[PDB]
Each structure stands twice: as C-alpha cells, then as structure tokens.
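Report on one structure; see the data block that follows.
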Amino acid sequence: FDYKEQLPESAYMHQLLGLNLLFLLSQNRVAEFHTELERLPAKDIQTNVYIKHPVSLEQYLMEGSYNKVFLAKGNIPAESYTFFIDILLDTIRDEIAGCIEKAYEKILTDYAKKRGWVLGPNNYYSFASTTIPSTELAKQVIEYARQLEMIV
Amino acid sequence: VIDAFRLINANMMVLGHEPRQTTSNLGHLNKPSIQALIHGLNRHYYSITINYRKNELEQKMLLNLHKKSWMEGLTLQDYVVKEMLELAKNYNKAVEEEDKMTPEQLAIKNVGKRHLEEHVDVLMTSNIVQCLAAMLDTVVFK
C-alpha cells in the first residue's frame, strides 16, 4: 500500500499475492476475493501465471468446480503453491446439500457417515424433503398509520 | 323561540326605565335587541334576560342518553357495510373522475389575470372504516 516508488518488483510479490487470493476463496470471502482481483488488473491480464491458477479455480467455482475440482488441480500441479492448493482442496465445498441422495440418488461412506451422515443436518436424504387473523394484527397497525397522517 | 317579558308602569316613565349598572350584562341583553313585532308593541314592556339554569346531573344523564339513544352508539351492535359499499364507492369514483375535467381545464387556461371538489375526505373515512372493520372481523370475534 505504501507508495514506495523505489519498491523493487520481485517474483515473490506475485506468488504471495495469489496465496491470499487462493486463501480468500478458501475462507468463502468471495466478495473479498474479487476485491483483490481488481487490485491487480495489470497482473492478471494474460501474464503472471503465478496467480492464474486461483482465478481459473474461481471461475470453476462460479461454474461447476464440483466437476472441475480435480481439473484445476491437474491443470498445473504446482505454482509455488504446493501447500497453498492444499487448503483449498481439503476445504471441499458442500453446497450440493440442497438435493436428494442416499437411496434416492445414491451418488454425488465416510461422507455418508459424517455427523451420522453428510454434514449432519436434515435426515436421510431419501426421506428428507393461509391465515387472515394473524394478518389481522399486522394490518390493523398499518391502517391506523394512514389515519394518523390525516390528523394534521 | 321562548322569551320573557315584564311590563312597566306609566307612572314612573319620568324616571329612567331600567336603571343599568353593568355594561357586560346590559350589552348581552341588548344583543338579542328587539323583534320587529316587539318594537310594534315594545312599549309598556321591557324584556328580561333569560338563561338555562346550571345543569350537571341532568346534563350528564342526557349526554349518556345521546350516545346510546339519541344517536347510534349502542357500542355492541355499533359494528350493507360490505354489501352496498362497493356501489357507493363506484358512484363516487365515477363522480370524481368526471369532476377531474374541470381542474384539467383550469390548469389548461393561462394566466389570464371549479377545481375545488374535495370528495376525497368522504372516501377516505368510509373505506378506512371499512378496512378497519377487519379488526372486528378477525380478532374481536373468534
């Protein structure tokens, strides 16, 4: 952030920056993820292969990373991020929970056992998944407000 | 229309008619003044101020009488109200739509050296009361 006009560019700067970017996606701060992306418009462009892997991963995340989970891993085994990619990998997304499986789709053990099964919430996915008077109280207040204006 | 009169003898007419010693009450007495026929026969007479006797218990009893008896305030049957309301609002909507022409022309006219129609307080009150009737409908009962 410091002006640091004398700042001598080093290949580390690009490598370290991507580590935040890769981590940021890991900590599901997606808004922050793009925030950093727009901070380095001159870096991403088409060069800076160092940080190119996370963006591809992010695109795959907004797209079907679930299928592309191992595609990006195989796209480049390492970019000085041998451990860096590890955090993301172990942080497998699980938003697919809003579906049916477990003798209803059966595919997507330990996963089927975690917290009893999947992540824990709901039940066995195969078996997982009006009133005016209540409106009366709420409406009553609203109507008076209109009258309250006609006071003065 | 009630009134009170009292006669004056013709012996003391040399003396003042009604010796007055209070401006406020004399002026209030004159405020009714004298009626045409009264002047036609005002002589040998002098009207005397009348007023309703103080009234509290009777006043309070009457006031209680009005709410429940002299006007619709039974307060238990106090609340067509959904049958004819549609038609009344239809009439008034059509009438206001028609009346909207006159303000249109009025605005159309230039400086040149019947827009006032109201008709909106009535709708306001009527339909706001009808909507409020939901309070009785949904809670006061059941």
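Just remember, in the structure tokens the first chain shown is A, the second B, etc., residues are 1-based per chain, and ligands are 1-based in the order shown.
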**Request:** Tell me, as a ChimeraX atom specification, which residues lie within 9 Å of residue 46 of chain B, counting only C-alpha atoms; anything in the same chain fewer than 6 positions away does not count.
**Result:** /B:5-8,17-18
Could the residues in this selection be written to a file with N, CA and C atoms, as a compact mmCIF listing (two decimals), in the first residue's frame?
```
# COMPACT_ATOMS: atom_id res chain seq x y z
N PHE B 5 -91.01 38.46 29.19
CA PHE B 5 -91.38 39.86 29.16
C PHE B 5 -91.86 40.30 30.54
N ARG B 6 -91.79 41.60 30.77
CA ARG B 6 -92.29 42.20 32.00
C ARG B 6 -92.73 43.63 31.69
N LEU B 7 -93.83 44.05 32.31
CA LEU B 7 -94.43 45.33 31.99
C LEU B 7 -93.85 46.44 32.86
N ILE B 8 -93.96 47.66 32.36
CA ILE B 8 -93.52 48.86 33.07
C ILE B 8 -94.73 49.76 33.27
N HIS B 17 -86.24 54.16 32.72
CA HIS B 17 -86.94 52.90 32.53
C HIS B 17 -86.31 51.78 33.36
N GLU B 18 -85.07 51.42 33.05
CA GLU B 18 -84.38 50.30 33.70
C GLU B 18 -82.99 50.75 34.12
```
Which residues of chain A have any atom within 10 Å of an atom in chain B when counting only C-alpha atoms, and what is the closest pair of atoms for each, with the distance in Å to one decimal? Order the rows by chain and rising number and write it as a Markdown table.
```
| residue | atom | partner | partner_atom | distance |
| --- | --- | --- | --- | --- |
| A:131 | CA | B:138 | CA | 9.8 |
| A:132 | CA | B:138 | CA | 7.0 |
| A:133 | CA | B:138 | CA | 4.8 |
| A:134 | CA | B:138 | CA | 8.3 |
| A:135 | CA | B:138 | CA | 8.7 |
| A:136 | CA | B:138 | CA | 5.9 |
| A:137 | CA | B:135 | CA | 7.5 |
| A:139 | CA | B:134 | CA | 8.4 |
| A:140 | CA | B:135 | CA | 6.4 |
| A:141 | CA | B:132 | CA | 9.6 |
| A:142 | CA | B:132 | CA | 9.8 |
| A:143 | CA | B:132 | CA | 6.8 |
| A:144 | CA | B:132 | CA | 8.2 |
| A:146 | CA | B:128 | CA | 8.5 |
| A:147 | CA | B:128 | CA | 7.8 |
| A:150 | CA | B:124 | CA | 9.3 |
```
**Message:** as a ChimeraX atom specification, please: every residue in chain A that DSSP puts in helix (DSSP H, G or I).
**Reply:** /A:11-26,30-37,41-44,49-62,65-75,84-90,95-97,110-116,125-127,132-149
**Asked** Quick one: distance from atom CA of residue 152 of chain A to atom CA of residue 130 of chain B in Å, one decimal?
**Response** 21.8 Å
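As for atom CA of residue 72 of chain A and atom CA of residue 85 of chain A, they are spaced 9.9 Å apart.
Non-sequential neighbours of segment 77-94 of chain B (distance at most 10 Å, separation of 3 or more positions within a chain, only C-alpha atoms) are residues 68, 72, 73, 74, 97, 98, 99, 100, 119, 120, 122, 123, 126, 127, 129, 130, 131, 133, 136 and 137 of chain B.
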Quick one: write out the picked residues with N, CA and C atoms as a PDB file, in the first residue's frame?
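Listed below is the output, result_27.pdb:
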```pdb
ATOM      1  N   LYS B  68     -76.180   6.323  23.366  1.00  0.00           N
ATOM      2  CA  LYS B  68     -76.863   5.052  23.180  1.00  0.00           C
ATOM      3  C   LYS B  68     -78.249   5.209  22.574  1.00  0.00           C
ATOM      4  N   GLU B  72     -76.704   6.631  17.026  1.00  0.00           N
ATOM      5  CA  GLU B  72     -76.297   5.231  17.000  1.00  0.00           C
ATOM      6  C   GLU B  72     -74.973   5.044  17.723  1.00  0.00           C
ATOM      7  N   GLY B  73     -75.039   4.714  19.009  1.00  0.00           N
ATOM      8  CA  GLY B  73     -73.852   4.430  19.786  1.00  0.00           C
ATOM      9  C   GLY B  73     -74.052   3.255  20.716  1.00  0.00           C
ATOM     10  N   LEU B  74     -74.871   2.288  20.299  1.00  0.00           N
ATOM     11  CA  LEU B  74     -75.101   1.114  21.131  1.00  0.00           C
ATOM     12  C   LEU B  74     -73.787   0.476  21.546  1.00  0.00           C
ATOM     13  N   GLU B  97     -63.994  11.082 -11.153  1.00  0.00           N
ATOM     14  CA  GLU B  97     -63.419  11.019 -12.486  1.00  0.00           C
ATOM     15  C   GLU B  97     -64.012  12.101 -13.371  1.00  0.00           C
ATOM     16  N   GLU B  98     -65.328  12.285 -13.300  1.00  0.00           N
ATOM     17  CA  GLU B  98     -65.960  13.343 -14.077  1.00  0.00           C
ATOM     18  C   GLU B  98     -65.457  14.709 -13.626  1.00  0.00           C
ATOM     19  N   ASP B  99     -65.518  14.977 -12.323  1.00  0.00           N
ATOM     20  CA  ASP B  99     -65.123  16.279 -11.809  1.00  0.00           C
ATOM     21  C   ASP B  99     -63.682  16.605 -12.148  1.00  0.00           C
ATOM     22  N   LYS B 100     -62.868  15.593 -12.436  1.00  0.00           N
ATOM     23  CA  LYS B 100     -61.473  15.848 -12.754  1.00  0.00           C
ATOM     24  C   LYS B 100     -61.304  16.647 -14.041  1.00  0.00           C
ATOM     25  N   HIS B 119     -64.463  15.744  -2.182  1.00  0.00           N
ATOM     26  CA  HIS B 119     -64.970  14.408  -2.478  1.00  0.00           C
ATOM     27  C   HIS B 119     -63.996  13.313  -2.079  1.00  0.00           C
ATOM     28  N   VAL B 120     -62.928  13.655  -1.366  1.00  0.00           N
ATOM     29  CA  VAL B 120     -61.913  12.688  -1.002  1.00  0.00           C
ATOM     30  C   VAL B 120     -61.923  12.384   0.488  1.00  0.00           C
ATOM     31  N   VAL B 122     -64.618  12.044   2.201  1.00  0.00           N
ATOM     32  CA  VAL B 122     -65.690  11.066   2.355  1.00  0.00           C
ATOM     33  C   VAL B 122     -65.178   9.668   2.038  1.00  0.00           C
ATOM     34  N   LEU B 123     -64.514   9.509   0.893  1.00  0.00           N
ATOM     35  CA  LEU B 123     -63.977   8.201   0.538  1.00  0.00           C
ATOM     36  C   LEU B 123     -62.962   7.745   1.571  1.00  0.00           C
ATOM     37  N   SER B 126     -64.844   6.628   4.763  1.00  0.00           N
ATOM     38  CA  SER B 126     -65.698   5.463   4.580  1.00  0.00           C
ATOM     39  C   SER B 126     -64.869   4.200   4.422  1.00  0.00           C
ATOM     40  N   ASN B 127     -63.949   4.195   3.462  1.00  0.00           N
ATOM     41  CA  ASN B 127     -63.238   2.961   3.185  1.00  0.00           C
ATOM     42  C   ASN B 127     -62.171   2.659   4.220  1.00  0.00           C
ATOM     43  N   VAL B 129     -62.699   3.131   7.427  1.00  0.00           N
ATOM     44  CA  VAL B 129     -63.501   2.451   8.439  1.00  0.00           C
ATOM     45  C   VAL B 129     -63.814   1.031   7.996  1.00  0.00           C
ATOM     46  N   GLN B 130     -64.189   0.860   6.730  1.00  0.00           N
ATOM     47  CA  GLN B 130     -64.500  -0.479   6.245  1.00  0.00           C
ATOM     48  C   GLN B 130     -63.296  -1.399   6.398  1.00  0.00           C
ATOM     49  N   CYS B 131     -62.109  -0.915   6.034  1.00  0.00           N
ATOM     50  CA  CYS B 131     -60.909  -1.726   6.200  1.00  0.00           C
ATOM     51  C   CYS B 131     -60.650  -2.024   7.669  1.00  0.00           C
ATOM     52  N   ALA B 133     -62.757  -2.431   9.913  1.00  0.00           N
ATOM     53  CA  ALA B 133     -63.685  -3.476  10.330  1.00  0.00           C
ATOM     54  C   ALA B 133     -63.021  -4.844  10.369  1.00  0.00           C
ATOM     55  N   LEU B 136     -62.569  -6.051  13.981  1.00  0.00           N
ATOM     56  CA  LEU B 136     -63.679  -6.844  14.495  1.00  0.00           C
ATOM     57  C   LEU B 136     -63.711  -8.213  13.836  1.00  0.00           C
ATOM     58  N   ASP B 137     -63.512  -8.252  12.520  1.00  0.00           N
ATOM     59  CA  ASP B 137     -63.751  -9.477  11.770  1.00  0.00           C
ATOM     60  C   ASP B 137     -62.852 -10.608  12.244  1.00  0.00           C
TER      61      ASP B 137
END
```
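Our summary of the geometry notes that atom CA of residue 47 of chain A is positioned 21.1 Å from atom CA of residue 25 of chain A.
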**Asked** Residues at most 12 Å from segment 49-54 of chain B, counting only C-alpha atoms, excluding those fewer than 3 positions away in the same chain, as a PyMOL selection string?
**Response** chain B and resi 1-6+25-33+46+57-60
**Request:** Using only C-alpha atoms, determine which residues lie at most 10 Å from residue 24 of chain A, disregarding the query and same-chain residues fewer than 5 positions distant; provide the list as a list in words.
**Result:** residues 18, 19, 29, 30, 31, 32, 33, 34, 36, 54 and 88 of chain A
Take the residues that were just selected and, keeping N, CA and C atoms, output them as a PDB file, in the first residue's frame.
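Wrote it out as out-v5.pdb, contents follow:
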```
ATOM      1  N   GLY A  18      -1.141 -14.255  -4.747  1.00  0.00           N
ATOM      2  CA  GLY A  18      -2.055 -15.332  -5.077  1.00  0.00           C
ATOM      3  C   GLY A  18      -2.404 -16.188  -3.879  1.00  0.00           C
ATOM      4  N   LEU A  19      -1.468 -16.333  -2.941  1.00  0.00           N
ATOM      5  CA  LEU A  19      -1.737 -17.137  -1.757  1.00  0.00           C
ATOM      6  C   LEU A  19      -2.906 -16.567  -0.968  1.00  0.00           C
ATOM      7  N   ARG A  29     -14.804 -15.760   1.475  1.00  0.00           N
ATOM      8  CA  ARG A  29     -14.980 -14.311   1.374  1.00  0.00           C
ATOM      9  C   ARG A  29     -14.908 -13.914  -0.100  1.00  0.00           C
ATOM     10  N   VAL A  30     -15.893 -14.406  -0.852  1.00  0.00           N
ATOM     11  CA  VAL A  30     -15.860 -14.250  -2.302  1.00  0.00           C
ATOM     12  C   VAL A  30     -15.815 -12.776  -2.674  1.00  0.00           C
ATOM     13  N   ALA A  31     -16.640 -11.959  -2.017  1.00  0.00           N
ATOM     14  CA  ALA A  31     -16.591 -10.524  -2.266  1.00  0.00           C
ATOM     15  C   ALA A  31     -15.173 -10.000  -2.112  1.00  0.00           C
ATOM     16  N   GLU A  32     -14.496 -10.400  -1.037  1.00  0.00           N
ATOM     17  CA  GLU A  32     -13.106 -10.005  -0.867  1.00  0.00           C
ATOM     18  C   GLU A  32     -12.226 -10.603  -1.953  1.00  0.00           C
ATOM     19  N   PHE A  33     -12.559 -11.805  -2.427  1.00  0.00           N
ATOM     20  CA  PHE A  33     -11.755 -12.434  -3.470  1.00  0.00           C
ATOM     21  C   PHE A  33     -11.675 -11.545  -4.702  1.00  0.00           C
ATOM     22  N   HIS A  34     -12.827 -11.102  -5.204  1.00  0.00           N
ATOM     23  CA  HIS A  34     -12.827 -10.188  -6.338  1.00  0.00           C
ATOM     24  C   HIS A  34     -12.143  -8.879  -5.975  1.00  0.00           C
ATOM     25  N   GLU A  36      -9.551  -8.295  -4.233  1.00  0.00           N
ATOM     26  CA  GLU A  36      -8.133  -8.412  -4.542  1.00  0.00           C
ATOM     27  C   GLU A  36      -7.905  -8.506  -6.045  1.00  0.00           C
ATOM     28  N   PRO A  54      -5.505 -19.571  -9.259  1.00  0.00           N
ATOM     29  CA  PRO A  54      -6.690 -19.255  -8.444  1.00  0.00           C
ATOM     30  C   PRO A  54      -7.857 -18.720  -9.251  1.00  0.00           C
ATOM     31  N   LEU A  88      -7.274 -25.213  -0.085  1.00  0.00           N
ATOM     32  CA  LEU A  88      -8.477 -25.217  -0.907  1.00  0.00           C
ATOM     33  C   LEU A  88      -9.009 -26.632  -1.073  1.00  0.00           C
TER      34      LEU A  88
END
```
Excluding same-chain residues fewer than 6 positions from segment 108-120 of chain A, what lies within 10 Å of it counting only C-alpha atoms, as a compact mmCIF listing (two decimals) with N, CA, C and O atoms, in the first residue's frame?
```txt
# COMPACT_ATOMS: atom_id res chain seq x y z
N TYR A 66 -17.28 -28.36 -8.90
CA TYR A 66 -17.52 -29.70 -8.37
C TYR A 66 -16.98 -30.75 -9.32
O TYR A 66 -16.26 -31.67 -8.90
N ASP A 94 -19.60 -27.90 -0.17
CA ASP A 94 -20.68 -28.86 0.03
C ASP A 94 -22.05 -28.20 -0.10
O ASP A 94 -23.00 -28.62 0.57
N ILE A 96 -24.05 -28.60 -2.35
CA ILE A 96 -24.93 -29.53 -3.04
C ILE A 96 -25.95 -30.14 -2.08
O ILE A 96 -26.80 -30.94 -2.50
N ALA A 97 -25.89 -29.78 -0.80
CA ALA A 97 -26.78 -30.36 0.19
C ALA A 97 -28.25 -30.16 -0.16
O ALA A 97 -29.10 -30.93 0.29
N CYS A 99 -30.27 -31.11 -2.26
CA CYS A 99 -30.68 -32.09 -3.26
C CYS A 99 -31.08 -33.38 -2.55
O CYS A 99 -31.19 -33.42 -1.32
N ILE A 100 -31.31 -34.44 -3.33
CA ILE A 100 -31.77 -35.72 -2.81
C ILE A 100 -30.77 -36.80 -3.21
O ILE A 100 -30.30 -36.85 -4.35
N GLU A 101 -30.44 -37.67 -2.26
CA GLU A 101 -29.47 -38.74 -2.44
C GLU A 101 -29.77 -39.82 -1.41
O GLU A 101 -30.86 -39.85 -0.83
N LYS A 102 -28.81 -40.72 -1.18
CA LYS A 102 -28.88 -41.69 -0.09
C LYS A 102 -30.12 -42.58 -0.24
O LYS A 102 -31.08 -42.50 0.53
```
